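This document contains two forms of one protein chain, each encoded as C-alpha cells and listed individually as structure 1 and structure 2.
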Structure 1
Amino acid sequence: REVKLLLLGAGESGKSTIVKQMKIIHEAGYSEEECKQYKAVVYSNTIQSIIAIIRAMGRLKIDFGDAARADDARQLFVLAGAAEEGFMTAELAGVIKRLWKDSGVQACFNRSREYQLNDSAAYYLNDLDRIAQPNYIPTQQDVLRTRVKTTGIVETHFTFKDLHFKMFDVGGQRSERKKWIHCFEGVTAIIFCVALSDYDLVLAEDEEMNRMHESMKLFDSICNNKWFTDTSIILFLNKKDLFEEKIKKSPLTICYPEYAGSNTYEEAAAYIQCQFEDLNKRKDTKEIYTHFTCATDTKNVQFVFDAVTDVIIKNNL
C-alpha cells in the first residue's frame, strides 16, 4: 500500500535534510560514488561560509584581530576558485583555518543573526583538517549538513514497514510557495518543518519579517486549510539542537514579547509549541502530531519517524 508525505515549511527549515535521513535510515545510506558528488557541495559551503563572515566584517565594521589576516583574506579569493571545482589545495586550507581562528572573524561569527550565514558554517570550518585531506570523502554526517537551496519539486521513494513511501519536498522561500499547490493531490500526511532556532532571525527574502512569524503564518494557513482536513498534520519543531544553545544567549522575547519564562530549553520549547498549536482553529476535530527534532541527527530522526509511521499506519490504513 502507498502513502504520500508532503514536506512543507519556510526557508531553510530542514525539509530536505529529513529527506536525506530517509535514504540513510531505510536505504543503505549514501554510497561512495554518492558521497563524492557531495564533496564539491561541502567545499562550496565552507568557502561561502568564511567569505560570508568576512563580508559582514566590513558592513558591521569589525577589524581582523591580527592585521596579518589581511593577506590571508586576499589569498582566500585568489585560491577560492578551486574549492568550487571540488578541490582543496593544502594552501587554501591553511588560509581558511587561520582566518577562522582569528578573533575578529570570531566576533563577527557570534553576531551572525545580524546577517545571513549557513547553520553548518561552524561544523565544517571546525573540521577543516578532515575535509581537507587529499582524497577526502564526505561522511553520512557531512552530506546531511550540506546546504543546497531547493527550488521545484523533488520526489523520493523508499520502503519502510511494508509501506511504499512517496515523499515530496519543495522550496520554502516566498518565491517558491506558488509551487506548493502542485503537491496537494492525495496527501496522506504533511510534515510541516519549523526551524526552532529562527526565533531571532529575519527572512532572507525580507529583512523586516521575523522568520518565526513567517513560519507561524504558513502553519496557520496549511493546518486550517479545509482541503487537508483528513490529512495527518505532523509538526516538526526542528533544529532543537541549535535552539538549545541559542536560547541560552539570545532572548526569546525578540520574537514573543510576552514570554515570561527563562532562557532554558524546556520552557522556551514548550512555549513555541503552544504558539504554533494555538493557530489550529478546530482543536476538537483536527489533531496535530508534534515532534521536537534534530534533522541532522540520524538516531533522533529514526525514532521520531518511527513514531510518525505508527500514527500514519494506525490511521490511513
Structure 2
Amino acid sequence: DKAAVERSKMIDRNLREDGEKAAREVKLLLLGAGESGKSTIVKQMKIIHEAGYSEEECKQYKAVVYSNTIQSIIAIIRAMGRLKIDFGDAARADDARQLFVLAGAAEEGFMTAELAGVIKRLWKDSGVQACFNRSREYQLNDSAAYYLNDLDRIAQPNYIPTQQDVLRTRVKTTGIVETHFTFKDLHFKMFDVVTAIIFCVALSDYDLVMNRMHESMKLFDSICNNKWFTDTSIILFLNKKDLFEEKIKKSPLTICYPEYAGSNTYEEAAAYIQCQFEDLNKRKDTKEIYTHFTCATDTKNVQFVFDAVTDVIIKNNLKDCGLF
C-alpha cells in the first residue's frame, strides 16, 4: 500500500535508542458548530479503538435517554401550542397535561409504565405527528423519533441502554475534551474544543428557520483559511447525512441556498453543499479539503471514514509527527 510505503521511509526512530518502541503522535482538533456531531465522533473513537461503552458504562446513560425522550416529546407538544396543531383525537389533550404533571414532579429523568403510556399515546397521535413533521419550525432533538419510536424497549423496567442509545444522546458538554486512542500505531490526541482538523457540519440544519448552514460555512471559511492551519490537513465531515437524506425529500435546498437551481434530490443537494463549503478555500492550488459525508451515530461509517482520514494523515503529515 502507498501509505505503507509512505510510513516505511521514515528514519527518525533510528535516532532514538529504543525508537521502534516510541509513540508517533497525531494531534487532532475536532471542530464545527454546536450539536454537529463532535461528541458522537469522540464516542465512536472509543467504541472503535478502545472498547467504548460497556454495558456497565451504558447503564449510566439511562436517565439521559429518559431525559432526552421526555424533552423531545415535551418540545413537540409545547410546539403544537405555538403552531396551533390540534390533537388528532382530543382525548390526547389529557395525556398532554399528564406529561407535564409527571415531568413536572421531577428533577431528573425517569420512565414509568404510566409515563410510557402517556408518551406513546401522544407520539402515535396524528396531530402530534403533524407537529413532529414541522420540526424545522422549532427546536427539537435529532434523536427524538429515534427514541420515541423505540419507547417500549426503553420503557421496559429492566432496560439497559445500547451503544446506539448512548451515541444518540444529546449531553451538555463544557470545557475542552481530550481523547487519546491509538489506530494504525498512531497515538492520537483528539481535542474537541495540529496535525489535522475534522470540521463537522450538521447537513440537516439547512431548512432550519443568520442561517445555521451559513454560520457553519462562515466558520469553516475562517478555519481552513487560517495561516496557523496552513500545514494541517483539513477534513470536512458533512454529517447527519441520514437526517439530510429524509429531509431533502420534502424540504427544499432553496430554504438554505435560495439561488440553488439543481434538482432537490439527495445527490444534487448534498453535492451542492459540499461545493459551497470547499469553495471557501482561498488557496485551492495549495490546499485540498478532504470531505466525507457522515452519519456520526453509525459506527461502521465512522470506522470506514476514519480509516480513510487516517491514510490521508500518514500520506500528508507523518513527517511533522513527533516521536515520544
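Shifts are known only where both forms have a C-alpha. What we label the rigid core is the largest C-alpha set whose atoms superpose within 1.5 Å from one form to the other. By convention here, residues take numbers in order along the sequence of structure 1, the first being 1.
The one residue among 122, 107, 128, 82 whose Cα position changes by 2 Å or more between the two structures, with the core held fixed by superposition, is 82. For residue 223, the Cα deviation between the two structures after core superposition amounts to 0.4 Å.
Once the core is aligned between the two structures, the alpha carbon position of residue 151 differs by 2.3 Å; this is the C-alpha shift at that site. For residues common to both forms, superposing the rigid core between the two structures reveals consecutive runs of 3 or more with all Cα shifts of 2 angstroms or more at 80-87, 149-151.
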